[PDB]
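Visitor: Using only what follows, build the 3D model:
(4 chains, ligands or ions: 4)
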Amino acid sequence: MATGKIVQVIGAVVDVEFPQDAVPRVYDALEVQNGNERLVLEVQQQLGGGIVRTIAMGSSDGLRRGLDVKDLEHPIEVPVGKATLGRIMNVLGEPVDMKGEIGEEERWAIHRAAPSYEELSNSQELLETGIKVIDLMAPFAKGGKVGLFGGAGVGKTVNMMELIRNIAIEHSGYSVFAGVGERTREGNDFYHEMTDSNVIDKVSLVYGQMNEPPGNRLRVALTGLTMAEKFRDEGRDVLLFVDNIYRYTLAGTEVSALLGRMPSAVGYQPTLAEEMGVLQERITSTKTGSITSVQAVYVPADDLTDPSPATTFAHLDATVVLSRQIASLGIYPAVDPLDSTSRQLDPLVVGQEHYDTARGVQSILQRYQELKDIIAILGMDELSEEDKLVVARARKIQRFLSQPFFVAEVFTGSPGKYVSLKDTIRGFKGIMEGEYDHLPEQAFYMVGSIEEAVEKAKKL
Amino acid sequence: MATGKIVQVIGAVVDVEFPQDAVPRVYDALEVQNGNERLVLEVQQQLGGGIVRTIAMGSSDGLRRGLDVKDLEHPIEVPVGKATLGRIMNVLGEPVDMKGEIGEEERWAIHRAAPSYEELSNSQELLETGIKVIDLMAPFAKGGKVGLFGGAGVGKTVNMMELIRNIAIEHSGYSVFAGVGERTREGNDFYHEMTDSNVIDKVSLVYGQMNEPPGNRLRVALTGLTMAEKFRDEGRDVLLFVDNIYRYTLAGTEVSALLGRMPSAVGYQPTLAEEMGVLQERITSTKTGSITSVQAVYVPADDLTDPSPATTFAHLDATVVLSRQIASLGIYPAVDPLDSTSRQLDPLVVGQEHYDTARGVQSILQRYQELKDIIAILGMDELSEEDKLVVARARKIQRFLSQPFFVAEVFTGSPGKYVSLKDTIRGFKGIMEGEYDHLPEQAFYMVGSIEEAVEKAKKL
Amino acid sequence: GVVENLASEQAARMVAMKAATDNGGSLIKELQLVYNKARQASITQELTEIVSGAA
Amino acid sequence: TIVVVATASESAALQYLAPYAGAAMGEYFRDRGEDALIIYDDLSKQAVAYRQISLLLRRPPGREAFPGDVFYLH
Ligand SMILES: Nc1ncnc2c1ncn2[C@@H]1O[C@H](COP(=O)(O)OP(=O)(O)O)[C@@H](O)[C@H]1O
Ligand SMILES: Nc1ncnc2c1ncn2[C@@H]1O[C@H](COP(=O)(O)OP(=O)(O)O)[C@@H](O)[C@H]1O
Ligand SMILES: [Mg+2]
Ligand SMILES: [Mg+2]
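Guide: Numbering: from 1, shown residues only, chains lettered A, B, ... in the order given. Ligands and ions are numbered 1, 2, ... in the order given. Please see the structure below:
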C-alpha cells in the first residue's frame, strides 16, 4: 500500500521518492504516519527521479527521512453543501468543533477552474450599508467585490464585522466566513456571537488561523471558496467574508524559496500575480448565482505600493482604503475618501445628486490637502477669506464622516447608529453649501444623521 | 568549410563548440544559416574548453542545436569611403535602402585602438554653426564634443538635423550620422528631410533600430565611428552625429545582463565607464584630420546624477541645455542661455568682444530673472527708469536668440535663416547698448540677422 | 492712529516670521527622518537584488 | 472593435503572447491599406508575466528581478 519514501525535509516542504511508473500527479494528496498522527502532503512539483516536492498540511516536526508514504490518487477534497452550514471545518474539510462528523453527500476538489467568460453576469443593483462614508464614497452592488485596505490596527476587522451585521443578518441566502491566518481569539468571539444570535444555522465557517503551519494558511482560502462556489452553483446568492487574504500570499512567500524558485521584486514568489489571480478570478457572480464578498487586505508597513496590495487592487470592484493618520485622530471609520473609490460611483448607476455630492466632498478635501503644507509653514492666518471657508468646511466634513458602530459599542460607550443613504447625502449636501456654517466642529464628531449634530451642538 | 556546432540558444545568446585547435578569438564574427537567412554572431567570451559564448546580431528565432557555424577569422568588418555617402546601412554594413549593393572598394573592422596622446593635435578653430544661441553661448572647436542635454520633446533631433544641413551646404564638409537606438519613424523622416534638402549626398547614414537585438544596437556607434575614422584618414574635417548616448548605455546594460555579468550601482553594467571611454576616446582631432562630434543625451526623469548622463559629462567640451518650458513658450531652439556652458568660452580663444557680449547677455538675463517677481507683485510702473529699460532690453534679447530653421519649415511654413557669428555678435552688442530701443519686441521674434529685425519693425 | 498701527504691523510680522522659522525647523527634523529611512531601504533593496541575482 | 482577452488566471505564456496576437490582427488591416487602432491594456502586466516566465527558467535577473531583454520585448 505505502509505496514512496521521504528523502528530504526542509521545514514545511518534503521530498518523496516513488517508482517512475507510479509518480503522483501535480496536485494529488499523500499521507504519512507522523509518529502516531496522520499527516497529509500536497504535491507541488514533479522533480525528475520519481521524486516529488510537497507541502505538509500540518506540523512537520518528527518526520524522519525514509518513512513510507501512501499515494492517495485524488486531490484534497472537502465536504460541501447544506451539510456544512452550522459548523467549523479544518483546511482538510475535517470538523474542528467537538460535534460529530459532517453529514455531507458530496465532496469537491478545492482546485477548480474559474467560470467561463460567456457565463459571467454583471449587476447594477446598489446594496445599502449603514455606513456614511462607505456608501457615499464607495458604494458597492449586490454580487460585487469589496476590499478593505489598511495597515495594522486601523479598523479592517471592526468594519467587516459591521458589514456582516448590517447586510448579512437581514439577508436571506447562506453565508460563508473564511478566517485565513488571523487570530483564533476573534474566530471564537465571532462563533459565540453567531451561536448566541441564532444565525449560526446560516453561516459556514472555515479556519486556518495564524498558529497553523504554512500549508493550512495557504489552502484554507481555497477550501472556503469551494464551499461558496457550491452554494453559488445551487442557484443561491451567497455572502463570502475573507478575514485576511494577504496571509494566503504570505504563506506562499514563506514556502516559495524552499521550492527552489528564484526570488522576485521584494522577496515575493515569482508567481505572486498568478497565485493571486487563480484564487481571485473564481470568486465571482455568474448567470446561475451570485457571490457578494468582502475581503480584508492587510498592507505591510503601511506601504500601499508593496507588490501584494498593488497587485490586489486590480481585482476588486469597491476598494476602501483605511489610513493610520486618520485613525490617530480617533475618526473611525478611518476611511481615506481621497483614495477609496467604486466602479458604481457613476451618475447613470448611482444618480446625479449622489455623484455630485461625492465629487464635491472629494474636491474640497483635496483642496484642504493642498492648503495643509502652507498652513503648516506660515499658519492659517495667511490664507484667503475663501481658503479659510473651504478649510472650515473640509474639517467639518472630516468630522461628519465619523460614525459610531454597534460593534464598537465596547471600545466606546456610544450607542451604534445606522444612517440611510438619503440622510447622508442630505447632510453632506447641507454641509457643503454652508447651511451649517455656524456649528462647531465638535458637533459633528461621532454622530448619526445631521439632525443629531444640530442636537449635539446645543450640549456643546 | 564550417567547423563549429551550436550547443545552446537562450534568447539572443548562443553557445558554439569548436575543435580545441581552432577556437575563435574574442570579437570574431561567426556565421550560420538561420534557415535561408544568414546570421552572424559576435564572440563575446571564450568560456571553458572549446565552447564559445556569443551574441546574435540578427534575431535568434529559428536557431536549433547542432547547426554548423563557420568562423570568419575577422571581426565584423564594414565598407568605408566615398562609396558610403548617401546610403543607409545597418550595423553589418549591409544596405537597407534597397538601392542595391554598396559597391565597396575596401573594408575595415569596427574594433580598433584609439590615438595615443602624442598623435593628438591641439586645436582651437571654432566651428561656425548657423544657430545664434549656440554660436554665442556655447562655442566649440574642431575635434571637440557637444552634448545636447534635455528631456523628451525639446528638440535635440531637429537641432541635429539643422546642424547637419548648415554644415553641409554652407561649409561643404562631409558628415556621418550613427542612429543608435533609432525610431523608424524618425529615421524615415530624417532620410526624407535630407533627400529633400539636397544634403543627402554629403551624409553617411547608419541605423540600428529599436526592434533589433541589444548588441546590434550597441555596435552601431562603432560602425559610424569607423566610417568617420576612414574619412578622417583622408584629411577631412568630419562631423559625427550620435543620435542618443542614453540608448547606447541602455544597449550596453542589456547586453551585459544577458551575458550574466554581475550588475552595478543602479543596475547598469560594470563596464559602463570603459564602454563610454572606448567610444569617446576615438573621437578626437589628429595631426592629419579631425572628427568633431555632437551627441544627443536624454536625461531620464530630469536628473543629471544617474550613471549615464553623469558618466558622459566627463568627455564633453560643450553642453547645451534644452528646456521644455522655453519650448512651450514657443521659442525655438529651446536653449537655456544661462545653464549652457563651454570650456572654450574665455577671452583667450574667442576674443574679448565675443566673451564680453556673451557675459553681458547672461548678466542682462539674470537681472531680468531677478526683476520678474518684483514686476509680478508690485507691477511694472513701480520699477526705476533704468530697470524699466533692463526689462525691455532683456525681453528683446530673449526674443532675438530664437531662430527659424530650414528643417523646421515643415512645422511652421516660414523659411529658415543662417546667421554668421559676426551678425550674431553685432546684433546682441547693438541690442544691449540701446541702438534698437525704438523697435517693438515682436520685431525680433523668429528673425535672422538684425537687418530682418529692423525690416520687420518697418513692416510691423 | 496710523503710525501706531504701522508699528503694530512691524511687531506682528516679526513675531509671525519667528514662529514660521520654528515650524520650518521642526519640519526639517521630520523630513530628515523620512529621508534616512528611504536611503536605508534603497541600499538594502539594491544589495539584496545583486546578491540574490548571483544564482 | 476586436477584443482580445487573456484574463488574470490564464497561463503566463498566454498573457505574455496576447499583445503580439493583437498586433498580428492589427497588421492584417495595416498591410491592406486600411487604418487600425490597437489598445494594449497594461503592458506592465505583460512585463510581470514575462518576468515570471524568465525567473522560472532560471535566467539571470536584472533590475527589480526583470530579465535583461524586457526592452527588446516591448
Ligand atoms: N468605530 C470604532 N470605534 C472605536 N474603535 C475602533 C473603531 N474602529 C476601529 N477601532 C479600533 O481599532 C482597533 C483595531 O481594530 P481591528 O479591526 O482589530 O484592526 P485590524 O483588524 O485592521 O488590525 C481596535 O482597538 C478598535 O478600538
Ligand atoms: N525649431 C522648431 N520648430 C518647430 N517645431 C519644433 C522645433 N524644434 C522642435 N520642434 C517640435 O518638437 C517635436 C519633436 O522634437 P525632437 O527634436 O524630436 O525632440 P527630442 O529631442 O525629444 O527628439 C517635433 O515634432 C517638432 O514639431
Ligand atoms: Mg487586524
Ligand atoms: Mg530624440
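Visitor: Name the residue of the stretch 151-300 of chain A that lies nearest to ligand 2.
Guide: Sorted by distance to ligand 2 under C-beta to the nearest ligand atom, the residues of the stretch 151-300 of chain A start with residue A:265, at 30.4 Å. (C-beta placed from N, C-alpha, C; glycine too.)
Visitor: what kind of secondary structure is that residue in?
Guide: Under DSSP: H, G, I helix; E, B strand; the rest coil, residue A:265 falls in the coil class.
Visitor: show me what contacts it?
Guide: Taking C-beta atoms under 8 Å, 6 or more residues apart in numbering or on different chains, we find residue A:265 in contact with A:307, D:64, D:65.
Visitor: now residue A:331
Guide: With contact taken as C-beta under 8 Å, 6+ apart, residue A:331 is in contact with A:398, A:399, A:401, A:402, A:445.
Visitor: hmm, try it at 7 Å
Guide: Residue A:331 makes contacts with A:398, A:401, A:402, as judged by C-beta atoms under 7 Å, 6 or more residues apart in numbering or on different chains.
Visitor: which among these gets closest to ligand 1?
Guide: Nearest member of the contacts of residue A:331 to ligand 1, counting by C-beta to the nearest ligand atom, is residue A:402, at 8.0 Å.
Visitor: what's the spacing between that closest one and residue A:411?
Guide: Applying C-beta to C-beta, to the nearest Å, the value for residue A:402 to residue A:411 is 14 Å.
Visitor: From what I see, residue A:168 and residue A:239 are in contact.
Guide: Yes - taking contacts as C-beta atoms under 7 Å, residue A:168 lies within contact range of residue A:239: 5.2 Å.
Visitor: Find the residues that touch each one of those two.
Guide: Overlap of the contact sets of residue A:168 and residue A:239 (by C-beta under 7 Å, 6+ apart) consists of residue A:175.
Visitor: Kindly provide the distance from the closest residue to residue A:439 other than its chain neighbours to residue A:443.
Guide: Counting by C-beta to C-beta, 6 or more residues apart in numbering or on different chains, the nearest residue to residue A:439 once its immediate chain neighbours are dropped is residue A:457, at 4.6 Å. In this view, residue A:457 and residue A:443 are 4 Å apart by C-beta to C-beta.
Visitor: Give me the common contacts of the two.
Guide: Taking C-beta under 7 Å, 6+ apart as the contact criterion, no residue touches both residue A:457 and residue A:443.
Visitor: quick one, which of these two is more surrounded?
Guide: Just comparing residue A:457 and residue A:443: by other C-beta atoms under 10 Å in any protein chain shown the higher neighbour count belongs to residue A:443, 22 against 16.
Visitor: Quick check, that one in contact with residue A:453.
Guide: Yes - if you go by C-beta under 7 Å, residue A:443 and residue A:453 touch, sitting 4.8 Å apart.
Visitor: ok so, going back, now do the buried residues in the helix or strand hosting the residue nearest to residue A:439.
Guide: Secondary structure assignment for residue A:457, by DSSP states H and E: helix A:450-458. Residues of helix A:450-458 classed as buried: A:450, A:452, A:453, A:456, A:457 (neighbour count, 16 or more other C-beta atoms under 10 Å in any protein chain shown).
Visitor: Same question for stretch A:276-296.
Guide: A:276-286, A:289-296.
Visitor: Could you tell me the end-to-end distance of it?
Guide: Stretch A:276-296 stretches 14 Å from its first residue to its last (C-alpha to C-alpha, to the nearest Å).
Visitor: Does it reach ligand 1?
Guide: No - taking C-beta under 6 Å from any ligand atom as the criterion, stretch A:276-296 and ligand 1 are apart, separated by no less than 6.8 Å.
Visitor: Please give the centre-to-centre distance between that stretch and its chain.
Guide: 12 Å (C-alpha atoms, centre = their mean, to the nearest Å).
Visitor: for residue A:13, what are its contacts?
Guide: Counting by C-beta under 7 Å, 6+ apart, residue A:13 touches A:53, A:54, A:55, A:255, A:258, A:259.
Visitor: Try it again at 6 Å.
Guide: A:53, A:55, A:258 (C-beta atoms under 6 Å, 6 or more residues apart in numbering or on different chains).
Visitor: Which one's more surrounded, residue A:402 and residue A:411?
Guide: Remark: of residue A:402 and residue A:411, residue A:402 carries more neighbours, 20 against 10, as counted by other C-beta under 10 Å.
Visitor: Name all residues that make contact with that one.
Guide: Contacts for residue A:402 (C-beta under 6 Å, 6+ apart) come out as A:331, A:445, A:446.
Visitor: so where does the first one fall, helix or strand?
Guide: Spelled out, it's residue A:331. Using DSSP H and E, residue A:331 falls outside every helix and strand.
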